[PDB]
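See below for the structure under consideration.
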Amino acid sequence: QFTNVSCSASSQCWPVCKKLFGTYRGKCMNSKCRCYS
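Its first residue numbered 1, the sequence shown is counted upward by one per residue in PDB author numbering.
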């Protein structure tokens with residue numbers, strides 16, 4: 001879905017997404033990480 005951490009690109013978000021949801025399918029939107037399913 002969305003996250004609560006700032007991002008400096010989608011790359012560094014993939015691990016976030018992975019930690020949060022369990023997916024390595026994330027993006028950086030409004031300088032915040034994002035995740036998918």
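Even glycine gets a Cβ: it sits at the ideal position worked out from N, Cα and C.
**Request:** Report yes if the C-beta distance between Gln12 and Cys35 is below 9 Å; otherwise report no.
**Result:** When the beta-carbon positions are compared, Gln12 and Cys35 stay at least 9 Å from each other.
**Limits of the unbroken alpha helix (DSSP H) element including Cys17** = Where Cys17 is concerned, the enclosing alpha helix (DSSP H) stretches over 14-20.
**Prompt:** Are the beta-carbon atoms of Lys32 and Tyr24 separated by less than 9 Å?
**Reply:** Cβ distance not < 9 Å, so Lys32 and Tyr24 don't count as in contact.
**Request:** Note down the Cα distance separating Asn30 from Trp14, rounded to an integer number of angstroms.
**Result:** So the alpha carbons of these two residues sit roughly 15 Å apart.
**Local conformation of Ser8 per DSSP, three classes** = In this structure, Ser8 counts as coil in the three-state DSSP scheme.
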